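This report refers to the structure that appears directly beneath it.
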Ligand SMILES: *[C@@H]1O[C@H](CO)[C@@H](O[C@@H]2O[C@H](CO)[C@@H](O[C@@H]3O[C@H](CO)[C@@H](O)[C@H](O)[C@@H]3O)[C@H](O)[C@H]2NC(C)=O)[C@H](O)[C@H]1NC(C)=O
Ligand SMILES: *[C@@H]1O[C@H](CO)[C@@H](O[C@@H]2O[C@H](CO)[C@@H](O[C@@H]3O[C@H](CO)[C@@H](O)[C@H](O)[C@@H]3O)[C@H](O)[C@H]2NC(C)=O)[C@H](O)[C@H]1NC(C)=O
Ligand SMILES: *[C@@H]1O[C@H](CO)[C@@H](O[C@@H]2O[C@H](CO)[C@@H](O[C@@H]3O[C@H](CO)[C@@H](O)[C@H](O)[C@@H]3O)[C@H](O)[C@H]2NC(C)=O)[C@H](O)[C@H]1NC(C)=O
Ligand SMILES: *[C@@H]1O[C@H](CO)[C@@H](O[C@@H]2O[C@H](CO)[C@@H](O[C@@H]3O[C@H](CO)[C@@H](O)[C@H](O)[C@@H]3O)[C@H](O)[C@H]2NC(C)=O)[C@H](O)[C@H]1NC(C)=O
Ligand SMILES: *[C@@H]1O[C@H](CO)[C@@H](O[C@@H]2O[C@H](CO)[C@@H](O[C@@H]3O[C@H](CO)[C@@H](O)[C@H](O)[C@@H]3O)[C@H](O)[C@H]2NC(C)=O)[C@H](O)[C@H]1NC(C)=O
Ligand SMILES: *[C@@H]1O[C@H](CO)[C@@H](O[C@@H]2O[C@H](CO)[C@@H](O[C@@H]3O[C@H](CO)[C@@H](O)[C@H](O)[C@@H]3O)[C@H](O)[C@H]2NC(C)=O)[C@H](O)[C@H]1NC(C)=O
Ligand SMILES: [Pt+2]
Ligand SMILES: [Pt+2]
Ligand SMILES: [Pt+2]
Ligand SMILES: [Pt+2]
Ligand SMILES: [Pt+2]
Ligand SMILES: [Pt+2]
Ligand SMILES: [Pt+2]
Ligand SMILES: [Pt+2]
Ligand SMILES: [Pt+2]
Ligand SMILES: [Pt+2]
Ligand SMILES: [Pt+2]
Ligand SMILES: [Pt+2]
């Protein structure tokens, strides 16, 4: 499933076949490296307990034979693989679900003339912030953010006479924006 | 003169025809609201004193008969008029110089999709920060915020229901300065 | 329903006789002072939006024809009445549910002896913290403080001159909830 | 001597026999491990100097041939052994005095029902904070505090049907309180 | 009695002719603005209680028939009058004692040269901090500042154009206390 | 050149002979140990760029064939040697200039009687704060400050009867002040 940052989102699991609902002992885990398990919460007979680190971040519920992991507001740490362990008696079945969290890209353009040796060089900067894959490219004719998003910036230095307009292509997988520097202040 | 934000800048002045160099008493004033003349500093006989509030932000020096007010890193408060008063004995001449401080525009584009009743509405946001005159406008195929640095920000939202009227282009300006941002395709 | 402080809690609602599941527009409201209905969130066609002030604190989901408001960790502000509004076309039905939040009582006993004119007077202090209704009372053989968490504290002092009228028993209550604390012997 | 937390308290020493009052050079030390000496203050000819770390915490004075260490407000760091060194000429006599600081016990009772797998288990918690020796015990039919006191807590888990009332016995040497959980909210 | 800032100090009192030691109820009061008597502490039968606001700052003890109020580290707020009230049965006697707290003066000298129009003017600054009575005066060959500690500071500037009228001597006082600071030669 | 703390100050350099003004590429460096170079700024064709650590602290300019380093407000870190590198083509000439920063001295006198064994000893303290060379000396008949200045203090202990007046001599190279303790409070 794909969620955008801040959106409610849901993963689901079910046992089989097996149609036994509230009798199944359900636990959901967030998977780390290399598939290391961190318990989010447990459900049995429609009594649910969320572990304190995930409280308000995740909930669990049942509808018939389907088990739900709900993410109240997706953030970038929530990206990746989850494990639903379903247990009846001394028997057990696990299912893996994937959540893709996507921060829509922000494309910024800004320019700055040189200050030494003279003021004749226009450096145009193009910045893409996004998740998972920001990408930046100039046409002529990197950093980790507090929220876990990634920023990339590229400078184009332009000797006089300035090759204006220049177009910046920002991408986040299939998402794309352009930034066009058209003319200088002077 | 025009200076971009952060740049070393220079205003200049000289007297005439009067080649007297260090004999001339020079004082530089920042002109305020107002009519008010606020002293930056003085130079005479190659002794330069810069008033405490301006220290580090402005300097004064002479090259022969030319007098210089140096702004060490142009900030938006430095935008406005300046006065160089030159004195010899009982006679004075005054020269008025303008400094334009410009922050080059930053244009940003980003989109967000709707979360209720469904996920079908794209809102695309275009933000221009600049000084003195940011302006933004959406093309198809809200206050001024004052930032900490004195520059001004302006933002416009455009909502697109399905089918998204894509290629949308944002036009940003700051006087003659111009940039665009084009939202081409969503992530899906 | 009754929830202790910190517990996951659930209010439920369904329409009738009307087995329409995802076709029904559900909204949940917290009832305020007041007469005021404050929107927690909405569900329709299995798209759930929780208002920003309630995000993380409440969730909404459906199981077939039953609608659930989940409180993720019951706090004392959550105590009160809730409204589930169910809509189909132009017709609505509304269900009012109550949540009672209870903090289980804490009873504390401690004694302190007098320091002047001498060391012979024992004062024994009994403190009950709970929600909604802490109450304390001393048996032989002062404001309500509002805590940060919304719970209420109540304290009673009993002074005993020599010979100390020991076994003293403190009785603490919170509605039907009951605890005692008995001061048996001093340190000497 | 026994002082309770916050009470003024006094230790005393004297030389012998020897009846020579203000002529004796008196110094008091707080004893650490293993009897390590830390100077509190000195007295001679009724001139007294308290070392800055103990200033406002301790004073010293004389009455005739008796030397006094006064503790202005006993705290738990003041618990333990003190040394009075009494010096006349190149001769010297030391006496050891003991201060017991006692924090009267606080007994707390609180209960909490289980949240998973169901809500049927009552865990009753009984906490004793005290100094020197808090102790807790349940009848059916650990941590160090900022002020230097010690807290101990014990949980009794009760399956349904709840074995109510349960009585908690708190002790601090001979000090004793009981905590009785009598009935649940529901 | 006189105590310098930071010193252990003692006021004393006794009754008469009345050799009753521990039988006497003693209380010590700090006298305020005002006419107001503020209780420091009490002693009776060798039980001493010091009021919470004075704890650590003052103590009381007895040696036979003499009663002592000990100030553990004299501060400037301790300067003023004190009352020892001695009681036996229904009869009382009261003794008034004065504590003078003195901060010994600090005298500082420093010079600064002028920066405009030239470097030829020396200003020499002399600062006296003390309690109760700092005073400063320049000899040839402006408020009181209240410091955090209750002491008082006083500063005088003397400008000297070339040729500098050197040996200049600063005279500092605090009642009978006296110090000088002499500026002898500049750095050049 | 000598500057006092807080004063504007100037260093100058020139190439030769060579009379070619704005054609020369000028860079000024602050010298550390052992002559390590830290760039302050560069000038060429009367375009000047000051490096951000020195911005508002230093400026550079030309008057004809003379190159100026200006220090806007001298502080103690600015004390020591500077290097002017002057470059034309692949040829280069460097000149060393020295700035002496001087904090005028502050002489303080204060006295304090003993507190143990009795109150009969007058300790008079004399403190000189200065830069570069504070010095203190008592006549009978060390520390580094936040601003980089140096403080030195000397105590004179005086048994009764007090040898008053005592005179303190403060020096900072040729700068000199005296402090005279003339009489006690009591
Ligand atoms: C993204 O979501 C994750 C949860 O899935 C967020 O992490 C959680 O953040 C909370 C709030 O900080 C953590 O609780 C803090 O814990 C420490 C004790 O270790 C304590 O000092 C605080 O009072 C508070 O309880 C919680 O442990 C943590 N959960 C996990 C599983 O890491 C993350 O902060 C979210 N936001 C962003 C922007 O990433
Ligand atoms: C833009 O440049 C102006 C200066 O031309 C900057 O203003 C000056 O700012 C400094 C603080 O860095 C002020 O110095 C402070 O003044 C207070 C107020 O009396 C004093 O308490 C402090 O110790 C300190 O000296 C200075 O007076 C002020 N000068 C003016 C306004 O003429 C301004 O900070 C810069 N703005 C930005 C956004 O960088
Ligand atoms: C008990 O639960 C209620 C929620 O049902 C908690 O109140 C909510 O508390 C949060 C803060 O954690 C508020 O979010 C903040 O609001 C301010 C004000 O506009 C905003 O500046 C912050 O950025 C942040 O979003 C939220 O609005 C508020 N919701 C309400 C009152 O409906 C409350 O904090 C909990 N109380 C305790 C004692 O835990
Ligand atoms: C219990 O009583 C002892 C004294 O018998 C208390 O310790 C003393 O606490 C004072 C106040 O903190 C200490 O003075 C601090 O010293 C540091 C320098 O090391 C400085 O940063 C502060 O301005 C202040 O002077 C004092 O040194 C310390 N004395 C000893 C002998 O340790 C203890 O704090 C008392 N209270 C409790 C609750 O334990
Ligand atoms: C000089 O000595 C006097 C005492 O004789 C000092 O005043 C006392 O100062 C303490 C604080 O260290 C006060 O204790 C505090 O009072 C507040 C106010 O109610 C309370 O919130 C705090 O928890 C704390 O107990 C005390 O009441 C006060 N006594 C008085 C004024 O009689 C004073 O601090 C000393 N001054 C200097 C400059 O050292
Ligand atoms: C004496 O003058 C020197 C400069 O010649 C002063 O040093 C400079 O001080 C500024 C202001 O702190 C430094 O900029 C700080 O840099 C850090 C990053 O490393 C950043 O956290 C701050 O926002 C700020 O930019 C500057 O780097 C430093 N320059 C040098 C060459 O060291 C010194 O502070 C002056 N004053 C005194 C009393 O010494
Ligand atoms: Pt996916
Ligand atoms: Pt970044
Ligand atoms: Pt010239
Ligand atoms: Pt803004
Ligand atoms: Pt369904
Ligand atoms: Pt309270
Ligand atoms: Pt003992
Ligand atoms: Pt604890
Ligand atoms: Pt006695
Ligand atoms: Pt002051
Ligand atoms: Pt020099
Ligand atoms: Pt120092």
inquiry  = Condition first: under 30 Å from residue C:70 (Cα atoms), surrounded by fewer than 21 Cβ atoms within 10 Å (Cβ to Cβ) and outside the structural domain of residue C:32 (by CATH). Can you find one or more residues in region C:117-129 that meet it?
reply    = no
query = Can you name every residue in region F:135-146 that is over 30 Å from residue D:44 (Cβ atoms) and more than 11 Å from ligand 18 (Cβ to nearest atom)?
reply = F:135, F:136, F:137, F:139, F:141
request  = Filter region F:49-86 for residues that are over 21 Å from residue B:62 (Cβ atoms), crowded, with 17+ Cβ neighbours inside 10 Å and more than 14 Å from chain B (Cβ to nearest Cβ) and give the result.
outcome  = F:76, F:79, F:82, F:83, F:85, F:86
key: Residue that is nearest to residue A:105 (Cα to Cα) [pool: residues in region A:146-179 that are part of a loop (DSSP other than H, G, I, E, B) and away from chain B (no Cβ under 14 Å)]   = A:148
message = Restricting to region E:58-96, give me the number of residues that are within 13 Å of residue E:13 (Cα to Cα), within 16 Å of ligand 5 (Cβ to nearest atom) and either surrounded by fewer than 15 Cβ atoms within 10 Å (Cβ to Cβ) or away from chain D (no Cβ under 11 Å) (or both).
response = 3
inquiry  = Based on this model, can you work out whether residue F:41 counts as more than 16 Å from ligand 9 (Cβ to nearest atom) and assigned to a loop (DSSP other than H, G, I, E, B)?
reply    = no
ask   = Can you pull out the strands (runs of 3 or more DSSP E) entirely within region C:1-71 that have at least 1 residues that are closer than 12 Å to residue C:86 by Cβ?
value = C:9-14, C:25-31, C:37-44, C:58-63, C:66-71
remark   = Per the filter on region E:135-152, residues touching a strand residue (DSSP E or B) at 6+ places or on another chain (Cβ under 6 Å), more than 15 Å from ligand 5 (Cβ to nearest atom) and within 14 Å of chain F (Cβ to nearest Cβ) are E:135, E:136, E:137, E:138, E:139
ask   = Is it true that residue A:107 is within 12 Å of another protein chain (Cβ to nearest Cβ) and surrounded by 15 or more Cβ atoms within 10 Å (Cβ to Cβ)?
value = yes
key: Single condition residue A:186 does not satisfy, out of (1) under 23 Å from the mean Cα position of the chain (by Cα); (2) surrounded by fewer than 20 Cβ atoms within 10 Å (Cβ to Cβ)   = (1)
message = Scan region A:122-130 and tell me whether some residue there is part of a loop (DSSP other than H, G, I, E, B) and not assigned by CATH to the domain that holds residue A:13.
response = no
remark   = Selection from region A:131-145 of residues more than 12 Å from the chain's Cα centre (by Cα) and part of a strand (DSSP E or B) yields A:135, A:136, A:137, A:138, A:139, A:143, A:144
Test for residue F:98: is it within 16 Å of ligand 17 (Cβ to nearest atom), exposed (fewer than 14 other Cβ atoms within 10 Å of the Cβ) and over 24 Å from residue E:182 (Cβ atoms) = yes
query = Of the residues F:102, F:182, which is away from ligand 4 (no atom under 16 Å from the Cβ), closer than 21 Å to residue E:172 by Cβ and part of a strand (DSSP E or B)?
reply = F:182
ask   = In region F:2-31, which residue that is within 30 Å of residue E:121 (Cα to Cα) and loosely packed, with under 15 Cβ neighbours inside 10 Å is nearest to the other protein chains (Cβ to nearest Cβ)?
value = F:2
ask   = Condition test on residue A:124, is it within 14 Å of chain B (Cβ to nearest Cβ) and in contact with a strand residue (DSSP E or B) (Cβ under 8 Å, 6 or more places away or on another chain)?
value = yes
task = Might you check whether a residue that is assigned to a loop (DSSP other than H, G, I, E, B), touching a strand residue (DSSP E or B) at 6+ places or on another chain (Cβ under 6 Å) and farther than 30 Å from residue C:165 by Cα occurs anywhere in region C:112-131?
result = no
message = Among the residues of region B:39-51, are any surrounded by fewer than 19 Cβ atoms within 10 Å (Cβ to Cβ) and closer than 30 Å to residue B:154 by Cα?
response = no
inquiry  = On the basis of being facing another protein chain (nearest Cβ under 9 Å), surrounded by fewer than 18 Cβ atoms within 10 Å (Cβ to Cβ) and not in a helix (DSSP H, G or I), does residue D:34 make the cut?
reply    = no
query = Limited to region C:13-24, what total is found for residues that are farther than 21 Å from residue A:69 by Cα and surrounded by fewer than 16 Cβ atoms within 10 Å (Cβ to Cβ)?
reply = 6
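Numbers and lists here come from the model and the stated rules, or from a named source; no laboratory instrument gave them. Cβ atoms come from the backbone with ideal geometry, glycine included; neighbour counts cover every protein chain shown.
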